[PDB]
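Okay, here we've got a single chain as structure tokens, the form deposited in one PDB entry, with questions on binding and movement later.
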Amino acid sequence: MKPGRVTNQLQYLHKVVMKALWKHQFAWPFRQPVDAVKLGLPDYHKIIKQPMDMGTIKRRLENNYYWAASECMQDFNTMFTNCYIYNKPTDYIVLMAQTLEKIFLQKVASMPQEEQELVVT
């Protein structure tokens, strides 16, 4: 029962912001959920209660899951902050996340400024 739709801002997050992030050389760890067993990560799911990743976000955008851009922005924030909470700040993975976050913020700065719903045929 979660309402979903397409807005101008959600479409921008999909077709502009996610497009840039998905193809980035630092995207690969973030394109699917963290596999805590494979990666040997002690306590990942104790520390991180709301896992998130770009694969999940991309699928949500593709399936018109979100009601508003703010929900999608929240997912991105959770993916980045999860990385910053769990890992040591000097870790390669943190640097990778920071770079993607920077691009995220710079691309979001050109997003349409008033949220308006798009017709979906």
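Each residue number is its position in the shown sequence, starting from 1.
Trainee: Per the PDB record, is the mean Cα temperature factor higher over 7 to 15 or over 106 to 114?
Mentor: Result of the comparison: 106 to 114.
Trainee: For the stretches 72 to 80 and 39 to 47, which has the higher mean C-alpha B-factor as given in the deposited record?
Mentor: Comparing 72 to 80 with 39 to 47, the higher mean C-alpha B-factor belongs to 39 to 47.
Trainee: Lowest, middle or highest third of the chain for the C-alpha temperature factor of residue 29?
Mentor: According to the entry, residue 29 has a C-alpha B-factor in the chain's lowest third.
Trainee: Which third, lowest, middle or highest, does the C-alpha temperature factor of residue 90 belong to within its own chain?
Mentor: Answer is highest: the recorded C-alpha B-factor places it there.
Heads up, the form solved in complex with a small molecule isn't pictured, but that's what we're talking about next.
Trainee: Can you work out whether residue 77 and the small molecule are in contact in the deposited complex, taking contact to mean some heavy atom pair no more than 4.5 Å apart?
Mentor: Heavy-atom contact with the small molecule at 4.5 Å: absent for residue 77.
Trainee: Within a 4.5 Å heavy atom cut-off, is residue 64 in contact with the small molecule in the deposited complex?
Mentor: Close contact is absent here: in the deposited complex, residue 64 is far from the small molecule, nothing within 4.5 Å, heavy atoms only.
Trainee: Answer with yes or no whether residue 93 is in contact with the small molecule in the deposited complex, where contact means some heavy atom within 4.5 Å.
Mentor: Yes, residue 93 lies within 4.5 Å of the small molecule in the deposited complex.
Trainee: Quick one: does residue 41 come within 4.5 Å of the small molecule in the deposited complex, counting heavy atoms only?
Mentor: Yes, contact at 4.5 Å.
Trainee: Would 32, 52 and 83 all count as contacting the small molecule in the deposited complex, using a 4.5 Å heavy atom cut-off?
Mentor: Contact check passed for all of 32, 52 and 83.
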